[PDB]
Amino acid sequence: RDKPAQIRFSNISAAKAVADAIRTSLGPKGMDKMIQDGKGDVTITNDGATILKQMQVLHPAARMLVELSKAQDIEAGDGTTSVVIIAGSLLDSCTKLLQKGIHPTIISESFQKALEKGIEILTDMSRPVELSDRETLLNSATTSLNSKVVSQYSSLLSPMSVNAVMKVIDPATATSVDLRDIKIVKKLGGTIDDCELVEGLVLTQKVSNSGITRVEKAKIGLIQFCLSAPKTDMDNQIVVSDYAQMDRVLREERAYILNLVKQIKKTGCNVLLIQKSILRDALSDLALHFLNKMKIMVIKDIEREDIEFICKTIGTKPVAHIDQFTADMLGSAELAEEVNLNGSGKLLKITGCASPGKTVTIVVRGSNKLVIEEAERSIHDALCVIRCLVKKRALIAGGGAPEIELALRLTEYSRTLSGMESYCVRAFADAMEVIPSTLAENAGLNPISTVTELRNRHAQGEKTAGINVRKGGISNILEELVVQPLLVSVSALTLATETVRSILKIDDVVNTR
Amino acid sequence: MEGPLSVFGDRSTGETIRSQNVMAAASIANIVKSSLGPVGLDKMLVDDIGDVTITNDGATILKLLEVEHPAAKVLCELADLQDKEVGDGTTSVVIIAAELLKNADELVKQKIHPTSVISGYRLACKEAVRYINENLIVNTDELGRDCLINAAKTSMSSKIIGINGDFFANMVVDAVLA
Amino acid sequence: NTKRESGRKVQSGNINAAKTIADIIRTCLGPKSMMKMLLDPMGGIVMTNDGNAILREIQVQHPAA
Amino acid sequence: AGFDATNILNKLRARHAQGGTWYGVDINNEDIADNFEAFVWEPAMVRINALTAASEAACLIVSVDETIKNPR
Amino acid sequence: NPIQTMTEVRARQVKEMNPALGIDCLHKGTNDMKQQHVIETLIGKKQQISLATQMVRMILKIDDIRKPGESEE
Amino acid sequence: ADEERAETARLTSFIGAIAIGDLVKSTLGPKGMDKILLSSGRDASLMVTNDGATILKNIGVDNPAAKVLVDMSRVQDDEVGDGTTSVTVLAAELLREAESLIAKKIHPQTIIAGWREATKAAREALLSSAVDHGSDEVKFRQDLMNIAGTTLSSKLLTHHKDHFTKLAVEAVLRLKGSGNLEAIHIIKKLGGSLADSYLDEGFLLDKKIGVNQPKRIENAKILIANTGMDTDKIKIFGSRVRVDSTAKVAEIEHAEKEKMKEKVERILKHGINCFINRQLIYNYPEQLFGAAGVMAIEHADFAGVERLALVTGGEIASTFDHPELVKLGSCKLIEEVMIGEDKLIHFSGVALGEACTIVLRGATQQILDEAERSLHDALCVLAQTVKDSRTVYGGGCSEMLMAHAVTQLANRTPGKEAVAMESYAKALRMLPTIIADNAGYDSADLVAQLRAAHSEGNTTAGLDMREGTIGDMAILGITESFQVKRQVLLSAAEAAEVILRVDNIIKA
Amino acid sequence: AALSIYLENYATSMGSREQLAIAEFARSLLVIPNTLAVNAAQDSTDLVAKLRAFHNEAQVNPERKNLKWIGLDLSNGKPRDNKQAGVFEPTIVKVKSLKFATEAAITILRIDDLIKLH
């Protein structure tokens with residue numbers, strides 16, 4: 001019928017019309033967006049990557065573009081706008097092939113040979129690095145940050161990132177860097193210059209009673225439970241309906257807790273992390289004061305992520321009651337440190353602890369909260385660049401030059417395919433070049449001149465040379481010294497491949513019942 | 001309004017929304033044109049329905065105004081930056097930039113690299129500052145034909161109380177030294 | 001807000017407001033006084049030789065009034 | 001010939017702030033050059049006639065803002 | 001199917017250049033040009049190259065697309 | 001209050017089938033494309049659906065004639081497997097043909113008989129092509145490897161298909177006379193690999209050993225019971241009432257810790273550390289059971305004793321009133337294995353018989369859900385090979401074998417019914433049309449050519465649409481059971497004829 | 001006035017595309033003495049008459065020259081050739097005004113990905 005053909009055409013056309021204005025990235029290009037919602041919220045945006053993270057779309061093919069940026073951030077963390085504009089280039093090609101009269105099924109496995117040759121040719125132009133060498137890990141992460149916002153924070157946050165990975169990674173052949181290993185904390189107090197990389201686990205726990213155990217005399221405890229006490233987890237033997245009756249259960253409550261807090265002081269375990277399983281704000285506010293009198297670093301209803309790292313890093317497992325004399329599945333600590341920069345900030349450092357071979361932690365400080373946030377996103381992107389090299393060690397050019405450099409070569413390999421897919425991939429191999437032109441296209445007057453000029457100079461440049469990405473003009477971008485990892489691009493190859501293939505798998509749109 | 005209204009955020013996607021904000025910025029700039037300089041015209045501006053004020057200070061005007069466009073918005077933001085510096089020179093930055101954001105989209109479009117028009121703006125800015133340091137042709141007040149008295153007398157002639165300012169010239173010379 | 005009105009139309013609008021006020025009060029002036037009659041919006045007659053009692057009770061226009 | 005048409009003009013003015021000999025654009029060599037050294041030749045009088053004629057028609061039409069018609 | 005048809009001799013160009021082996025239109029399943037004997041004059045095909053690019057050149061010849069109401073009327 | 005006339009009710013019966021038959025015909029065959037379910041009526045979600053049951057049930061049909069089609073395709077998928085997909089298309093393909101009969105104004109009773117005797121004509125031609133390949137043991141080994149390659153296909157799997165193939169073929173051949181449909185258990189959990197599926201030597205219960213409990217129990221003597229607790233244990237003849245104000249709400253929540261100690265006194269008298277119970281525990285009871293010396297093993301079920309009943313020789317029992325009414329358990333070693341992301345206790349010992357336990361590894365819930373039904377389809381069909389070792393040529397090669405012979409019987413046998421018998425056979429050849437576009441091949445060159453070709457010789461030659469070509473259905477291993485193709489015909493033939501007898505829809 | 005001129009003279013020396021970046025910038029300077037002249041009822045046309053008549057091509061030097069001048073008094077809106085007046089603002093208030101007026105046109109450009117939100 002006409003209905004499956006028209007929806008697949010419209011499923012392409014809707015998300016592509018979304019993706020048309022997404023070609024506005026790479027720096028100062030265009031006009032600002034004060035966005036008003038259907039509810040009326042003022043949304044003043046300038047950063048297109050967060051725009052893709054916040055992107056509210058009702059069209060479901062355009063809703064895959066949300067996950068496309070989510071998958072790009074979790075795999076590479078780099079070029080979240082880049083995976084979309086090449087997927088918009090995918091939506092360019094699929095229209096006319098249907099207008100030619102090609103099956104959408106054939107265009108689905110057309111995407112395989114584009115992916116298979118694409119990861120092959122980018123491998124041929126890339127050069128690997130050595131993942132025990134401090135220099136080669138340093139040259140690429142800063143060069144990416146030089147294309148990013150910070151340039152003076154790139155000098156300090158990058159060698160902190162290089163020493164961060166070498167704690168987490170093994171010698172050269174290894175794939176072990178997770179975002180669920182390194183916690184990026186926030187500390188009011190200190191500054192960006194006062195930031196510190198701590199070898200071990202540093203948890204962001206709010207710890208009352210600064211002036212606490214600051215020494216190596218420490219063990220750490222992750223408790224899934226709370227201390228059993230009258231009117232905490234035991235019971236009172238009288239009834240309370242009076243203010244005079246209320247005082248009698250308060251006295252027997254805090255009396256037994258004083259017997260509880262000394263036995264944890266007897267243990268040497270100075271840290272207690274309490275889960276979110278409340279009874280009366282699970283462990284009593286009378287109980288936290290007597291733990292603080294025993295100088296024990298405690299918090300209640302802590303987040304789930306803090307529980308996950310302390311079980312992961314040292315190996316801390318839940319134990320029995322301290323009246324039941326805990327089964328020593330608690331972690332062995334060699335530092336419990338409460339941190340105070342300018343008298344502010346509540347932070348726990350555990351230095352020299354056991355590790356499974358990974359999990360370094362950072363202390364990101366800042367004079368304001370905004371001063372925290374500037375270095376927080378900056379070192380986090382500095383982690384993701386080397387993380388691509390850990391998962392795949394190779395060097396390609398940065399700035400989208402291998403996107404067109406693949407395109408100059410792939411069309412030759414498109415001729416060698418000689419299939420029906422030869423015409424499909426070549427139709428997309430010509431669609432990949434658009435990234436300097438169409439990013440420039442959405443600005444002002446005199447429109448016809450610049451567009452194809454920004455793509456001739458690479459084809460004139462060669463399969464080996466093209467236009468520069470930081471000053472423009474034909475030069476070797478490696479001689480311009482602009483680098484990025486291969487996993488920045490080849491993940492953007494595969495993630496865009498499956499989604500637009502899945503658009504070909506769409507027919508006869510439905511809604512649940 | 002031009003451009004589609006079916007989409008949200010007042011998005012018109014292209015030359016219409018680039019033609020929208022050149023109208024939104026110039027109308028802000030046109031307010032300062034009436035109130036420009038010491039000869040600039042005073043505007044009676046109603047605050048809610050009955051409260052009014054009479055101003056020709058552009059920064060005071062922009063405190064009254066509530067922006068509904070980014071072209072309305074960023075002109076209020078950049079002018080308040082000069083306002084916390086001195087409060088003077090805030091009038092000049094508003095009027096010029098309305099023509100500038102007509103000229104910038106036409107050429108940053110035309111990239112070999114998009115910041116070259118912006119660096120051309122900054123090179124024009126740095127070309128000014130060099131010749132700004134080369135200026136002694138007009139405006140010396142550190143001396144005159146006699147002294148700072150010659151600066152202050154013409155300054156007290158610029159502020160009219162009649163033909164006077166002759167005895168008042170010596171006050172301004174003493175004030176940085178008293 | 002965002003609002004701009006072009007020059008001549010406002011200064012002429014200042015003329016139309018002020019002169020119509022200046023019409024009857026010129027004839028309310030002196031021993032040759034007329035009376036400015038305000039009909040109440042809820043019904044009722046008010047006429048004096050003072051337009052300030054007349055104007056401050058009635059809807060005052062914005063531009064020059 | 002295929003150019004950023006305005007950016008060519010910007011290039012030709014620098015060669016008139018530095019040289020100023022014959023600098024123009026080529027459509028048949030497809031670049032910028034000295035067109036006398038690119039041998040693009042034509043006698044100068046017809047240009048002088050064109051400069052007078054373009055000035056004559058332009059000042060005349062602007063001198064008429066008042067036009068009288070007769071539909072009878 | 002013409003979509004299948006452009007595929008086959010394209011693989012033959014990977015096989016062999018300057019083909020005397022192109023498609024058939026007699027549905028014999030024997031795609032040749034020398035055993036299918038579909039052969040024409042080289043001058044005639046070359047003339048077809050000149051004539052087709054002539055027309056695209058011809059419609060490009062002035063920049064005038066204005067009318068007084070009468071340019072096709 | 002609405003009596004709908006036959007002329008719309010017949011038309012509703014056809015548009016009820018066409019609007020659902022096109023949904024899954026992408027996913028039929030080797031499925032060059034899929035169906036992508038879009039969630040907007042319930043939530044904001046996106047589903048990739050090759051499962052027809054996800055297509056039929058999650059999109060509730062509002063055509064009452066289509067409601068019959070969803071229901072009869074449901075029971076076919078439940079018993080045999082892959083039944084929502086095949087039955088619904090073939091019923092929808094018949095009803096496109098029946099419109100031309102009503103366009104020619106054919107008696108509807110002729111259409112009822114015309115597909116019916118042709119269905120009898122097809123199954124005999126389907127029976128003639130049914131050939132044993134599970135005859136000898138090396139044949140019966142290689143019989144089930146190729147069929148599990150076909151049945152696990154037409155679904156979305158990354159690397160799962162070959163490892164779910166060779167695992168289940170080992171499970172069928174060990175019994176030698178019945179299939180394993182009695183006490184094998186499909187365990188799905190979070191794993192790190194998208195390829196792993198291994199058979200258990202023993203059986204496992206969900207028990208993450210925690211606070212102070214030992215990891216290995218040796219010389220097991222299992223006390224099997226159904227009495228348990230979650231957080232509540234009141235006294236036998238007494239009670240505790242603590243409410244008279246708003247401060248008692250906090251103290252009535254603190255009394256649940258002292259309720260956990262009374263149940264521990266019951267198990268402590270037994271002296272049996274191997275006590276399983278159907279009810280779960282938390283971090284709060286677990287500190288009390290292991291401190292007494294009697295370990296509480298939670299998340300138990302009937303399935304564990306039933307798996308212990310067949311191999312060891314015991315019985316499955318329940319209703320724990322006195323311990324001689326529940327059949328107890330005996331094991332050699334109790335060890336905790338770590339499978340995927342999850343830690344489970346595992347009662348390891350004698351195994352490998354009428355009872356196993358299949359554990360699945362995958363971090364994605366969507367990958368685990370499709371792998372369940374794909375394995376659920378084959379284990380019945382591999383048991384149907386034990387019932388009938390007659391296999392038949394999958395991929396539509398057996399489809400043309402029936403369309404070859406029914407068309408011949410559509411000519412000779414009837415005298416008026418030939419127009420109704422042919423609409424059967426033309427709809428049979430619509431099944432290679434919906435798959436030829438999926439591989440990209442011309443449907444018109446497919447459906448008539450190979451039907452005459454393999455029938456006149458080399459029936460093994462069939463539809464290899466993993467290449468878009470003609471291939472051999474016993475050399476490339478593309479063959480399925482005679483039983484699965486036999487059952488999907490009768491459900492597809494009946495449901496179309498049921499709503500064809502509908503000539504008055506009335507909506508009260 | 002000289003910044004409107006001798007930056008465009010500087011713009012031609014740069015050559016290519018960046019010339020009209022300077023030139024449109026220096027063109028936009030002209031409206032400031034013009035609109036103040038209309039507020040002073042001097043109306044912008046003798047203002048562009050005198051200031052271009054001052055600026056010497058053979059003497060592009062300002063020093064104190066009797067061959068080019070750049071001054072203008074604003075309280076009348078007519079150029080009174082003065083250098084002791086209180087209408088001539090120093091370097092410090094002007095160089096920062098050149099920053100934010102340049103930055104405001106840059107400020108609108110800083111978008112990536114113009115979108116909508118439901």
# chains A, B, ... in the order shown; residues from 1 in each chain; ligands from 1
call {"tool": "select_by_dssp", "arguments": {"residues": "region 269-463 of chain A", "states": "helix (DSSP H, G or I)", "output": "ChimeraX atom specification"}}
result
/A:285-293,304-312,369-391,401-417,421-429,431-434,437-441,453-461
call {"tool": "interface_residues", "arguments": {"of": "chain D", "to": "chain A", "cutoff": "9 Å", "atoms": "only C-alpha atoms", "output": "PyMOL selection string"}}
result
chain D and resi 2-5
call {"tool": "write_last_selection", "arguments": {"atoms": "N, CA and C atoms", "output": "PDB file, in the first residue's frame"}}
result
ATOM      1  N   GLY D   2      33.727  30.491 -11.361  1.00  0.00           N
ATOM      2  CA  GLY D   2      33.625  29.751 -10.124  1.00  0.00           C
ATOM      3  C   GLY D   2      34.563  30.305  -9.076  1.00  0.00           C
ATOM      4  N   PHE D   3      34.043  31.199  -8.236  1.00  0.00           N
ATOM      5  CA  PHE D   3      34.818  31.882  -7.206  1.00  0.00           C
ATOM      6  C   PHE D   3      33.874  32.366  -6.121  1.00  0.00           C
ATOM      7  N   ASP D   4      34.425  32.521  -4.921  1.00  0.00           N
ATOM      8  CA  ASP D   4      33.816  33.429  -3.964  1.00  0.00           C
ATOM      9  C   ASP D   4      34.010  34.818  -4.542  1.00  0.00           C
ATOM     10  N   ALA D   5      32.932  35.387  -5.089  1.00  0.00           N
ATOM     11  CA  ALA D   5      33.050  36.551  -5.958  1.00  0.00           C
ATOM     12  C   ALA D   5      33.514  37.777  -5.194  1.00  0.00           C
TER      13      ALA D   5
END
call {"tool": "residues_around", "arguments": {"residues": "residue 58 (chain B)", "least_positions_apart": "4", "cutoff": "8 Å", "atoms": "only C-alpha atoms", "output": "PyMOL selection string"}}
result
chain B and resi 32+35+62+90-91
call {"tool": "residues_around", "arguments": {"residues": "residue 27 (chain G)", "least_positions_apart": "2", "cutoff": "10 Å", "atoms": "only C-alpha atoms", "output": "VMD selection string"}}
result
(chain B and resid 96 99 to 100) or (chain G and resid 1 3 to 5 7 to 8 20 22 to 25 29 to 31)
call {"tool": "write_last_selection", "arguments": {"atoms": "N, CA, C and O atoms", "output": "PDB file, in the first residue's frame"}}
result
ATOM      1  N   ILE B  96      25.789  50.372  17.666  1.00  0.00           N
ATOM      2  CA  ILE B  96      26.680  49.903  16.610  1.00  0.00           C
ATOM      3  C   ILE B  96      26.432  48.431  16.312  1.00  0.00           C
ATOM      4  O   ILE B  96      26.433  48.008  15.147  1.00  0.00           O
ATOM      5  N   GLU B  99      23.921  46.944  13.536  1.00  0.00           N
ATOM      6  CA  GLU B  99      24.436  46.814  12.181  1.00  0.00           C
ATOM      7  C   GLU B  99      25.449  45.687  12.094  1.00  0.00           C
ATOM      8  O   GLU B  99      25.588  45.052  11.044  1.00  0.00           O
ATOM      9  N   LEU B 100      26.161  45.427  13.192  1.00  0.00           N
ATOM     10  CA  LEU B 100      27.216  44.421  13.183  1.00  0.00           C
ATOM     11  C   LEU B 100      26.643  43.018  13.044  1.00  0.00           C
ATOM     12  O   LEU B 100      27.206  42.176  12.336  1.00  0.00           O
TER      13      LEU B 100
ATOM     14  N   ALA G   1      36.039  58.551  13.813  1.00  0.00           N
ATOM     15  CA  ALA G   1      36.128  59.051  12.446  1.00  0.00           C
ATOM     16  C   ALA G   1      37.333  58.478  11.710  1.00  0.00           C
ATOM     17  O   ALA G   1      37.194  57.936  10.607  1.00  0.00           O
ATOM     18  N   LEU G   3      38.940  55.945  12.843  1.00  0.00           N
ATOM     19  CA  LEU G   3      38.768  54.507  12.995  1.00  0.00           C
ATOM     20  C   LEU G   3      37.817  53.961  11.941  1.00  0.00           C
ATOM     21  O   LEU G   3      37.947  52.805  11.524  1.00  0.00           O
ATOM     22  N   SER G   4      36.862  54.779  11.494  1.00  0.00           N
ATOM     23  CA  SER G   4      36.031  54.400  10.360  1.00  0.00           C
ATOM     24  C   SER G   4      36.857  54.349   9.082  1.00  0.00           C
ATOM     25  O   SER G   4      36.576  53.564   8.171  1.00  0.00           O
ATOM     26  N   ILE G   5      37.901  55.174   9.011  1.00  0.00           N
ATOM     27  CA  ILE G   5      38.648  55.336   7.769  1.00  0.00           C
ATOM     28  C   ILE G   5      39.895  54.468   7.757  1.00  0.00           C
ATOM     29  O   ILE G   5      40.064  53.614   6.880  1.00  0.00           O
ATOM     30  N   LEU G   7      41.112  52.147   9.521  1.00  0.00           N
ATOM     31  CA  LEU G   7      40.984  50.701   9.624  1.00  0.00           C
ATOM     32  C   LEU G   7      40.578  50.092   8.293  1.00  0.00           C
ATOM     33  O   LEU G   7      41.007  48.982   7.966  1.00  0.00           O
ATOM     34  N   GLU G   8      39.748  50.793   7.521  1.00  0.00           N
ATOM     35  CA  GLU G   8      39.421  50.319   6.182  1.00  0.00           C
ATOM     36  C   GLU G   8      40.620  50.450   5.257  1.00  0.00           C
ATOM     37  O   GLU G   8      40.803  49.636   4.343  1.00  0.00           O
ATOM     38  N   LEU G  20      36.392  42.800   4.752  1.00  0.00           N
ATOM     39  CA  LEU G  20      35.068  43.348   5.023  1.00  0.00           C
ATOM     40  C   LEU G  20      34.624  43.052   6.448  1.00  0.00           C
ATOM     41  O   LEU G  20      33.620  43.602   6.913  1.00  0.00           O
ATOM     42  N   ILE G  22      36.709  43.966   8.822  1.00  0.00           N
ATOM     43  CA  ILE G  22      37.136  45.258   9.347  1.00  0.00           C
ATOM     44  C   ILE G  22      36.292  46.377   8.745  1.00  0.00           C
ATOM     45  O   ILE G  22      35.921  47.338   9.431  1.00  0.00           O
ATOM     46  N   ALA G  23      35.947  46.249   7.462  1.00  0.00           N
ATOM     47  CA  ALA G  23      35.324  47.358   6.747  1.00  0.00           C
ATOM     48  C   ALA G  23      33.881  47.590   7.177  1.00  0.00           C
ATOM     49  O   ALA G  23      33.481  48.742   7.368  1.00  0.00           O
ATOM     50  N   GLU G  24      33.093  46.522   7.336  1.00  0.00           N
ATOM     51  CA  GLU G  24      31.732  46.674   7.850  1.00  0.00           C
ATOM     52  C   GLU G  24      31.739  47.111   9.306  1.00  0.00           C
ATOM     53  O   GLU G  24      30.820  47.806   9.756  1.00  0.00           O
ATOM     54  N   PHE G  25      32.756  46.683  10.053  1.00  0.00           N
ATOM     55  CA  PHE G  25      32.961  47.166  11.413  1.00  0.00           C
ATOM     56  C   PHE G  25      33.217  48.665  11.426  1.00  0.00           C
ATOM     57  O   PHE G  25      32.578  49.408  12.179  1.00  0.00           O
ATOM     58  N   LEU G  29      30.728  52.496  12.616  1.00  0.00           N
ATOM     59  CA  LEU G  29      31.118  53.554  13.538  1.00  0.00           C
ATOM     60  C   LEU G  29      30.452  54.880  13.213  1.00  0.00           C
ATOM     61  O   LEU G  29      30.349  55.742  14.091  1.00  0.00           O
ATOM     62  N   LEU G  30      30.001  55.054  11.977  1.00  0.00           N
ATOM     63  CA  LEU G  30      29.611  56.358  11.466  1.00  0.00           C
ATOM     64  C   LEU G  30      28.309  56.870  12.070  1.00  0.00           C
ATOM     65  O   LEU G  30      28.082  58.083  12.082  1.00  0.00           O
ATOM     66  N   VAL G  31      27.470  55.982  12.597  1.00  0.00           N
ATOM     67  CA  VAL G  31      26.130  56.385  13.010  1.00  0.00           C
ATOM     68  C   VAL G  31      26.164  57.107  14.348  1.00  0.00           C
ATOM     69  O   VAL G  31      25.222  57.824  14.706  1.00  0.00           O
TER      70      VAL G  31
END
call {"tool": "interface_residues", "arguments": {"of": "chain A", "to": "chain G", "cutoff": "12 Å", "atoms": "only C-alpha atoms", "output": "PyMOL selection string"}}
result
chain A and resi 15+17-59+80-82+84-85+438-440+442-444+450
call {"tool": "residues_around", "arguments": {"residues": "residue 235 (chain F)", "least_positions_apart": "4", "cutoff": "9 Å", "atoms": "only C-alpha atoms", "output": "PyMOL selection string"}}
result
chain F and resi 239-240+262
call {"tool": "select_by_dssp", "arguments": {"residues": "chain C", "states": "strand (DSSP E or B)", "output": "ChimeraX atom specification"}}
result
/C:36-39,45-48
call {"tool": "write_last_selection", "arguments": {"atoms": "N, CA, C and O atoms", "output": "PDB file, in the first residue's frame"}}
result
ATOM      1  N   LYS C  36     -17.083  71.784  32.339  1.00  0.00           N
ATOM      2  CA  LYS C  36     -16.668  70.513  31.759  1.00  0.00           C
ATOM      3  C   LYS C  36     -17.510  69.425  32.409  1.00  0.00           C
ATOM      4  O   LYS C  36     -17.321  69.097  33.582  1.00  0.00           O
ATOM      5  N   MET C  37     -18.453  68.866  31.660  1.00  0.00           N
ATOM      6  CA  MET C  37     -19.370  67.894  32.230  1.00  0.00           C
ATOM      7  C   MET C  37     -18.875  66.476  31.998  1.00  0.00           C
ATOM      8  O   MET C  37     -18.760  66.026  30.856  1.00  0.00           O
ATOM      9  N   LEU C  38     -18.587  65.780  33.089  1.00  0.00           N
ATOM     10  CA  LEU C  38     -18.316  64.354  33.057  1.00  0.00           C
ATOM     11  C   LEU C  38     -19.583  63.587  33.396  1.00  0.00           C
ATOM     12  O   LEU C  38     -20.153  63.753  34.478  1.00  0.00           O
ATOM     13  N   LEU C  39     -20.022  62.749  32.467  1.00  0.00           N
ATOM     14  CA  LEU C  39     -21.048  61.757  32.746  1.00  0.00           C
ATOM     15  C   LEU C  39     -20.353  60.573  33.396  1.00  0.00           C
ATOM     16  O   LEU C  39     -19.307  60.123  32.913  1.00  0.00           O
ATOM     17  N   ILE C  45     -24.067  62.923  36.747  1.00  0.00           N
ATOM     18  CA  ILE C  45     -23.529  64.121  36.118  1.00  0.00           C
ATOM     19  C   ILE C  45     -22.586  64.819  37.085  1.00  0.00           C
ATOM     20  O   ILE C  45     -22.868  64.932  38.282  1.00  0.00           O
ATOM     21  N   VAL C  46     -21.440  65.254  36.562  1.00  0.00           N
ATOM     22  CA  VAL C  46     -20.475  66.067  37.296  1.00  0.00           C
ATOM     23  C   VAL C  46     -19.981  67.148  36.348  1.00  0.00           C
ATOM     24  O   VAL C  46     -19.395  66.838  35.306  1.00  0.00           O
ATOM     25  N   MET C  47     -20.209  68.411  36.701  1.00  0.00           N
ATOM     26  CA  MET C  47     -19.623  69.531  35.972  1.00  0.00           C
ATOM     27  C   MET C  47     -19.154  70.569  36.980  1.00  0.00           C
ATOM     28  O   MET C  47     -19.818  70.804  37.996  1.00  0.00           O
ATOM     29  N   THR C  48     -17.969  71.126  36.743  1.00  0.00           N
ATOM     30  CA  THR C  48     -17.357  72.118  37.623  1.00  0.00           C
ATOM     31  C   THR C  48     -16.698  73.177  36.754  1.00  0.00           C
ATOM     32  O   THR C  48     -16.952  73.275  35.551  1.00  0.00           O
TER      33      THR C  48
END
call {"tool": "closest_residue", "arguments": {"among": "C:27, C:16, C:33, C:59", "to": "chain B", "atoms": "only C-alpha atoms"}}
result
C:59
